[PDB]
Amino acid sequence: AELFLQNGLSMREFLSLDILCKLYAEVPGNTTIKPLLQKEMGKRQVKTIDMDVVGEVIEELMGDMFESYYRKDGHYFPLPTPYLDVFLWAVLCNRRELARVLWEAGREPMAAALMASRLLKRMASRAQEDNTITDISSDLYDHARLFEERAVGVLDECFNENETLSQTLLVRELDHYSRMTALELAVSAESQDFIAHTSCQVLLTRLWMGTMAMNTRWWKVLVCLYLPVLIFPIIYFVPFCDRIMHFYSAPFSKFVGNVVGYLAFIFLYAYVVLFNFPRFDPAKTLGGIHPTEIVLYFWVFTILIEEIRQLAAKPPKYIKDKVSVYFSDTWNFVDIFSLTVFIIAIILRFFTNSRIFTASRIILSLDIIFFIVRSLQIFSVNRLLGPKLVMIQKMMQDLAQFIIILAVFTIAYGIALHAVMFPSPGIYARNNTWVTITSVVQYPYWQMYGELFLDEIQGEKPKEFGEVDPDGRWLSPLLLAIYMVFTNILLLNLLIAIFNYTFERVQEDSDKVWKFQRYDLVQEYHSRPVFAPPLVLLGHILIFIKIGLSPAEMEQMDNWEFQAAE
Amino acid sequence: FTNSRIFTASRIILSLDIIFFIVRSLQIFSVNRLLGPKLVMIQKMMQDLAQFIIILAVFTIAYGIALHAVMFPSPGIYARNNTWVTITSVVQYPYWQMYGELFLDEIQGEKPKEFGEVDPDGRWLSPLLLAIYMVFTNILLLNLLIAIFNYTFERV
Amino acid sequence: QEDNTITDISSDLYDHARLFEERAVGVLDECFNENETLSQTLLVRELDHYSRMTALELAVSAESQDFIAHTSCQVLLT
Ligand SMILES: *[C@@H]1O[C@H](CO)[C@@H](O[C@@H]2O[C@H](CO)[C@@H](O)[C@H](O)[C@H]2NC(C)=O)[C@H](O)[C@H]1NC(C)=O
Ligand SMILES: *[C@@H]1O[C@H](CO)[C@@H](O[C@@H]2O[C@H](CO)[C@@H](O)[C@H](O)[C@H]2NC(C)=O)[C@H](O)[C@H]1NC(C)=O
Ligand SMILES: [Ca+2]
């Protein structure tokens with residue numbers, strides 16, 4: 001194929017629509033793409049293959065509201081991109097050297113390599129999670145890593161001459177890739193080697209220090225954030241109210257504003273739940289509500305209008321697609337959960353019942369935890385702290401996996417221990433279903449942390465624990481001996497070993513995963529209102545009341561990118 | 001100065017400054033091939049602890065705000081009518097629970113004299129919150145910090 | 001590494017610094033393999049073209065642990 005392309009043949013004259021549909025027709029059978037295409041043709045009841053089925057497979061196999069160009073262009077119902085779609089065919093078929101040749105022969109190469117990496121590793125996940133598809137997943141991850149390092153090398157050769165061209169090449173509209181950039185193609189692909197490259201990181205620093213000097217510290221931004229008249233001496237700009245609006249346009253300034261006003265919010269929420277959250281009564285003024293709780297209502301309404309703004313400012317047009325893009329990160333799950341739990345608590349605020357207000361204060365006092373879980377994204381600005389947060393997230397995945405084994409042994413020993421201490425048809429009966437079930441759950445759990453109930457389970461302390469059966473009084477130390485040698489020593493250190501394996505896997509790439517989540521931090525603070533940190537709701541009022549280039553400039557971009565690829 | 005508070009501050013400051021003289025003593029152990037590298041390990045692990053302490057304090061103060069807010073509702077009969085014991089309880093009780101000193105008799109409403117009258121709906125919720133805090137902090141966060149220390153140990 | 005206005009080429013710079021570390025260690029080793037007393041008196045010279053500081057002081061400014069852990073520097077420190 002390479003020899004044909006470099007002796008007498010061009011893809012522009014060779015490939016047509018029927019050759020391409022036939023090329024997707026005689027895929028061999030040991031691939032992932034034949035089960036995917038036959039599953040999609042089973043969903044449409046069409047016996048022949050066309051490019052709309054291939055396009056829908058590519059759209060569900062890229063994700064993130066990707067729109068494949070076979071569905072929108074009339075040439076797929078000469079061809080515009082013959083190198084690109086024969087390349088995509090060779091990538092879907094898991095053909096190493098053929099996709100290499102078609103990548104080397106085609107235009108927009110790092111975008112092609114990042115799309116190939118996303119497509120191959122999402123085929124790897126698809127073959128791993130489906131039993132009707134042959135698990136060739138390690139081959140697909142190796143091929144995706146091969147396109148990862150090809151994209152990183154093309155970016156590196158672009159970076160070794162005229163870095164400004166690299167920064168403006170990473171943010172191009174790519175009309176043959178559903179109008180998304182190389183940054184967005186890389187973070188869809190989770191290509192951590194591409195984002196941790198120096199070009200993407202200085203670009204995220206330019207976007208992060210938006211029209212402002214790249215080494216201005218956080219305390220200068222802090223003292224200029226609440227004193228705008230002091231912006232003019234010390235804030236250095238990379239080129240009047242132009243300097244003011246360019247100071248507040250920085251996502252780092254919006255970040256420091258979110259940090260300081262959020263610490264004010266957490267201190268206010270803590271003052272409410274720890275010092276003043278009274279029972280509602282219509283007798284005294286304002287219902288008895290302290291105005292710190294009113295300012296609390298104001299700032300959580302501000303966070304709610306903030307999340308409604310983030311839902312409305314999503315790049316798709318349909319509201320369901322905006323919701324699907326909005327819930328693509330877990331931070332929006334934490335946001336919607338904390339806001340909904342707050343709104344439930346403040347609905348239950350006003351009912352004057354003792355149980356309903358008790359539920360309200362309990363729900364609010366447990367929702368401070370979820371606001372501080374939302375606070376955890378702030379620590380991703382630090383090279384040292386953010387990887388530890390990624391460690392915490394993957395260890396919580398490990399804990400949610402191990403917790404069924406831990407609960408199985410815990411409930412087994414709890415059933416045994418409570419059955420030998422408290423025989424229920426006897427004088428030693430706990431005549432209460434709830435304290436029996438919570439004892440089975442509770443007592444092995446606290447014994448698991450070395451809080452040994454040795455006085456309790458041997459028959460002493462009969463008032464606050466219970467009258468233990470006298471033959472449970474000698475058997476309970478033996479059962480607790482087996483449980484301590486099996487659970488505190490073996491099971492817990494097994495879980496610690498799982499956590500340490502997770503620690504080593506993240507710590508060997510901690511720098512690169514911080515570089516990758518730095519993109520998510522920049523995108524989190526790039527779309528915030530350009531406004532005062534106590535007045536961001538006024539900013540949402542004043543909202544209520546990725547670059548494109550010239551076509552000859554785009555062809556010049558493509559020529560420079562293709563020769564750096566050469 | 002013969003004042004009771006000023007002399008108390010003097011003896012407290014002297015009795016805490018013996019610690020810093022013995023921190024200065026730590027350079028003597030660099031004459032040993034075996035001990036001095038362990039002191040370099042202690043120094044880099046204290047750097048690691050000073051980095052991890054903001055994450056540990058964030059989760060500690062979160063659970064402390066939650067725990068003290070469910071045990072002691074401040075506009076109620078179960079109010080701790082003292083700002084200082086509230087703030088030091090939020091700092092203090094998750095910290096000692098983090099080392100397995102579980103205040104299970106205290107947070108379930110028993111020992112009302114030296115701990116405080118716990119609200120009866122905090123008496124069942126405090127073991128659940130402490131369960132989540134023990135499975136998240138003594139198991140996950142502390143062994144994460146131990147893993148950081150072990151990575152530092154291997155590097156040195 | 002600590003400045004954002006400077007391109008982070010830091011790993012290349014640490015590799016180049018380690019390259020000069022092992023070059024210095026090898027020159028000290030070839031100095032040590034004949035007449036060790038000359039190595040000890042060479043490590044403590046006034047170096048007027050280096051602001052009058054020794055090879056020991058240039059190495060501990062550089063934190064060149066491979067140079068100080070060489071046998072010449074250690075018997076000199078003994
Ligand atoms: C739980 O209920 C059982 C059932 O009545 C109690 O068992 C009785 O206890 C008395 C004195 O303790 C004996 O005289 C009876 O013979 C027991 N009945 C049976 C069927 O064994 C038991 O004491 C209760 N336990 C608690 C803690 O309330
Ligand atoms: C803290 O102060 C509050 C405010 O007075 C006390 O709450 C009162 O307690 C008495 C009896 O305990 C009740 O009769 C009142 O109705 C309560 N007032 C309110 C507004 O709820 C509370 O007892 C004090 N707690 C401590 C430990 O001193
Ligand atoms: Ca959000």
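Chain letters run A, B, ... following the sequence lines, proteins first and then strands; every chain starts at 1. Counting starts at 1 for both ligands and their atoms, in listed order. Only this structure's heavy atoms are used, side chains among them; waters, hydrogens and symmetry mates stay out.
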Between B/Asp119 and A/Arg361, does any NZ, NE, NH1 or NH2 come within less than 4.0 Å of an OD or OE carboxylate oxygen? yes
Residues A/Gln377 and A/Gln517: side-chain donor-acceptor under 3.5 angstrom: no
Parallel under 30°, tilted from 30 to 60°, perpendicular over 60°: which one fits the rings of A/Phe337 and A/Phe370? perpendicular
Does a side-chain N-to-carboxylate-O contact under 4.0 Å join A/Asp321 and A/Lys314? no
The Ca ion (ligand 3): which protein N, O or S atoms are under 3.0 Å away? A/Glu307 OE1, A/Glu307 OE2, A/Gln310 OE1, A/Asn332 OD1, A/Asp335 OD2
According to side chain to side chain contact (heavy atoms under 4.5 Å, CB included), who are the partners of B/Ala62, at least two apart in sequence or on a separate chain? A/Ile372
Does the structure place the NZ or CZ of A/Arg430 under 6.0 Å from the centre of the six-membered ring of A/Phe465, at an angle of no more than 45° from the ring's axis? yes
Those residues with a heavy-atom separation under 4.0 Å from ligand 1 are A/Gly426, A/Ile427, A/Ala429, A/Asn431
Test side-chain hydrogen bond (donor to acceptor under 3.5 Å, both in side chains) applied to A/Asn276 - qualifying residues, sequence neighbours left out: none
Close aromatic pair by centroid cut-off 6.0 Å: A/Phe277 and A/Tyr269: no
Please name the residue in the list A/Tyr525, A/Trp514, A/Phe255 that meets the side-chain contact (heavy atoms from CB on, under 4.5 Å) test with A/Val381. A/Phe255
